[PDB]
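Enquirer: Protein chains in written order, with the entry's author numbering: chain A, 568 to 851; chain A', 568 to 851. A prime marks a further copy of an entry chain.
Pasting in a structure now, in structure tokens, and then I'll have a few things to ask.
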């Protein structure tokens, strides 16, 4: 035995028996489920420091269908470790379920996406991450989940739901990748639904002699398909005399993604703009 | 053995040993629970196509008390299959708990209510359906849950919570039946609480020279006891210059169930009405 060049650990791993078949990157079809439920997965302090410790690892192959990770207690430092090509029109996820897990991400790897994969599509998937964890000080530019999906016409029936609870500020955009570009045709038109959290610019404009402050959310992190957002935290002290909205609706003008109107106690003395920054929970 | 006339399948079934007793439709009392927890219930494709596959089936009898269905993974095509009379003042559910289940309703029966029963009342029940599933193309006029309850004075201490997540549009009214008629006296007055989803008409009225668009929810699917609703989806493109509410409060005038006010950037040029349609999440 060679001393292992890769001492990565994972809850779940795919490995290939015998010869590679060119362009056939996936393993034997799962017809109902690989159902991982109710387990306790605890990584040692020392392995969390020294290795990648994933939920899913793909070693020269992966499984397309029906992986179900439900109701587990998990201490790990990343979600997906992949060493596989998934470059073909036959590479997809179908029917994955991730939900109801309890995460300790207190030693989450810095400068690493949780789950970042390039597929043809994902279909009939549920990726529900409800996190109540400490985190280390991460670079805030990486994503928990990032799907690059080459054929949006085949991206159907998916739910992505990321709820970082009190950890909302750890990453600027919990969700990265192609879902961020989906229009109504691509998102609800194909039964795709997203709930996620992002740090956003809000334009606040006030007119002389008005009591209204028009508030406009602008962010490449919110898909143009967004229906609404709820405010988690306005990061700035704002006007004392103003009742600020806590929900935003879709901006039908498309000037912004989302728009609401705050109301003043007394009219504004002059025309002014404010640059605001908020953490929002959005739904498409 | 006769070839079975009814090849219905169910997770849970009630059957009667020996003679019927007239007007005694229920089986022996459950004092704490029949607790079904943590199971995996997978129906074959072929049985889902060819039979009713229920969670609960009542064959010439039923159980009134303390059925607990918690934390199961379930593939079925209906919730309740009943072949029982429950016509007496002694027919009720008491202390049922349905919550935390993971549903595959991708072969849900068309033109069939999930759970439709006529009882004297239900008491101290929790019916919490959090669904993340594909569905087939259903007739949108049927209900997931429909309780007909003959004595509202005995309907106490109940919670019904239906969260269809991204599937909100599959049925016009997730909840049907007598709870839709409950006033404040019948609902919070007896410690009944409802959270459900429905497709609703919203009246939008705008006055010449006003910046306000009065929005009024009208629907036989919302009980008059409604406290509030959150908007899941406005189905229409609406005014570009308007900040539309995402929450509605109870309309104290009772002109509508629920009312909110949208705010324009510029006043309206004339008096106009718009017929709007939205999916709402409501709470009583």
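C-beta: ideal position from N, C-alpha, C; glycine also.
Quick check on DSSP: helix, strand or coil for residue 615 of chain A'?
Expert: If DSSP states are grouped into helix, strand and coil, residue 615 of chain A' belongs with the helices.
Enquirer: Report yes or no: do three or more beta-carbon pairs, one from the stretch 810–820 of chain A' and one from the stretch 788–796 of chain A', lie closer than 8 Å?
Expert: Yes, the stretch 810–820 of chain A' is in contact with the stretch 788–796 of chain A'.
Enquirer: Can you pull the chain A' neighbours of residue 674 of chain A, defined as C-beta to C-beta under 7 Å?
Expert: Neighbours of residue 674 of chain A on chain A': none; closest Cβ ~29 Å, over 7 Å.
Enquirer: Output, in chain order, the set of chain A' residues within a Cβ distance shorter than 8 Å of residue 781 of chain A.
Expert: The answer, in chain order, is 810 and 832.
Enquirer: Whole angstroms is fine: what's the gap from residue 667 of chain A's alpha carbon to residue 668 of chain A''s?
Expert: Spanning the two alpha carbons is a distance of roughly 10 Å.
Enquirer: Determine the chain A' residues that contact residue 602 of chain A at a beta-carbon separation under 9 Å, and present them in chain order.
Expert: Within 9 Å Cβ-Cβ: 607 and 640.
Enquirer: DSSP beta-bridge partners for residue 811 of chain A'?
Expert: Per DSSP, none; premise fails for residue 811 of chain A'.
Enquirer: How many Å lie between residue 773 of chain A and residue 835 of chain A at the Cα?
Expert: Going from the Cα of residue 773 of chain A to the Cα of residue 835 of chain A covers about 7 Å.
Enquirer: How far does the beta strand (DSSP E) with residue 716 of chain A in it reach, from first residue to last?
Expert: Element bounds for residue 716 of chain A: 712–716.
Enquirer: Using a Cβ cut-off of 8 Å (strictly closer), state whether residue 803 of chain A contacts chain A'.
Expert: Not an interface residue.
Enquirer: Compare the C-alpha of residue 790 of chain A' against each of A'/809, A'/843, A'/745 and A'/800 and name the closest.
Expert: Residue 790 of chain A' has its Cα closest to that of A'/745, out of A'/809, A'/843, A'/745 and A'/800.
Enquirer: Should residue 724 of chain A and residue 690 of chain A be called a contact, given that it needs their Cβ atoms to be closer than 8 Å?
Expert: Yes, these two residues count as a Cβ contact at 8 Å.
Enquirer: With which residues is residue 632 of chain A' paired in a DSSP beta bridge?
Expert: Per DSSP, A'/661.
Enquirer: Please say whether residue 702 of chain A' and residue 673 of chain A' have beta carbons closer to each other than 8 Å?
Expert: Contact: yes.
Enquirer: Could you give the C-beta distance for residue 853 of chain A' and residue 642 of chain A', rounded to a whole number, given that I count them as a contact under 8 Å?
Expert: There is simply no residue 853 of chain A' to check, as chain A' begins at 568 and stops at 851 in what is shown.
Enquirer: Just list the residues that DSSP pairs residue 797 of chain A with in beta bridges.
Expert: Looking at the DSSP assignment, residue 797 of chain A forms a beta bridge with A/814 and A/848.
Enquirer: Taking only three categories from DSSP, how would you classify residue 770 of chain A?
Expert: Three-state DSSP puts residue 770 of chain A in a strand.
Enquirer: Using a Cβ-Cβ cutoff of less than 8 Å, which residues in the same chain neighbour residue 737 of chain A' once the five nearest sequence positions on both sides are dropped?
Expert: Same-chain partners within the cutoff: 702, 705, 707 and 731.
Enquirer: For residue 664 of chain A, count neighbouring Cβ atoms within 10 angstroms of its own Cβ and tell me buried if that reaches 16, exposed if not.
Expert: Buried: at least 16 other Cβ atoms inside 10 Å.
Enquirer: Run through the DSSP bridge pairs and tell me what residue 621 of chain A is partnered with.
Expert: Bridge partners of residue 621 of chain A: A/577.
Enquirer: Per the DSSP calculation, residue 781 of chain A' is bridged to which residue(s)?
Expert: A'/772 and A'/828.
Enquirer: Report yes if the CB atom of residue 649 of chain A is closer than 8 Å to the CB atom of residue 684 of chain A, and no otherwise.
Expert: Cβ atoms of residue 649 of chain A and residue 684 of chain A: closer than 8 Å.
Enquirer: Within 8 Å of any Cβ in chain A', is that where the Cβ of residue 789 of chain A sits?
Expert: Residue 789 of chain A does not count as touching chain A'.
Enquirer: Go ahead and pull the three-state DSSP assignment for residue 734 of chain A.
Expert: Residue 734 of chain A falls in the helix class under three-state DSSP.
Enquirer: Along chain B, in chain order, which residues have C-beta atoms closer than 7 Å to that of residue 691 of chain A?
Expert: Checking the listed chains, one finds no chain B in this structure; the protein chains it contains are A and A'.
Enquirer: Output needed for residue 792 of chain A: all residues of its chain with C-beta closer than 6 Å, excluding positions within five of it in sequence on either side, in chain order.
Expert: Contacts found: 749, 750, 751, 754 and 851.
Enquirer: Excluding five sequence neighbours on each side, which residues of the same chain lie with their C-beta closer than 8 Å to the C-beta of residue 721 of chain A?
Expert: Correct list, in chain order: 659, 687, 688 and 690.
Enquirer: From the beta carbon of residue 813 of chain A', is the nearest beta carbon of chain A less than 8 Å away?
Expert: True, the Cβ-Cβ gap to chain A drops below 8 Å.
Enquirer: Using CA coordinates, which residue listed in A/809, A/640, A/800 and A/819 is at the minimum distance from residue 734 of chain A?
Expert: The candidate whose alpha carbon is nearest that of residue 734 of chain A is A/800.
Enquirer: Quick one: which chain A' residues come within Cβ less than 7 Å of residue 726 of chain A?
Expert: In chain order: 699, 732 and 733.
Enquirer: Output, in chain order, the set of chain A residues within a Cβ distance shorter than 9 Å of residue 807 of chain A'.
Expert: Within chain A, the residues near residue 807 of chain A' are 818, 819, 820, 821 and 822.
Enquirer: In chain order, which continuous runs of the beta strand (DSSP E) of length 3 or greater are located wholly inside the stretch 639–700 of chain A?
Expert: Within the stretch 639–700 of chain A, the complete beta strand (DSSP E) runs of at least 3 residues are 640–642, 647–650, 659–661, 664–666, 669–671, 682–686, 688–690 and 693–697.
Enquirer: Is the Cβ-Cβ distance between residue 605 of chain A' and residue 646 of chain A' less than 8 Å?
Expert: Against a cut-off of 8 Å, the Cβ pair of residue 646 of chain A' and residue 605 of chain A' comes out as no contact.
Enquirer: Using the three-state DSSP reduction, which class does residue 802 of chain A fall into: helix, strand or coil?
Expert: Coil, per DSSP.
Enquirer: Are three or more beta carbon pairs between the stretch 829–844 of chain A and the stretch 590–605 of chain A' nearer than 8 Å?
Expert: Touching, no.
Enquirer: Taking CB distances under 8 Å as the criterion, tell me whether residue 646 of chain A reaches chain A'.
Expert: Closer than 8 Å: no.
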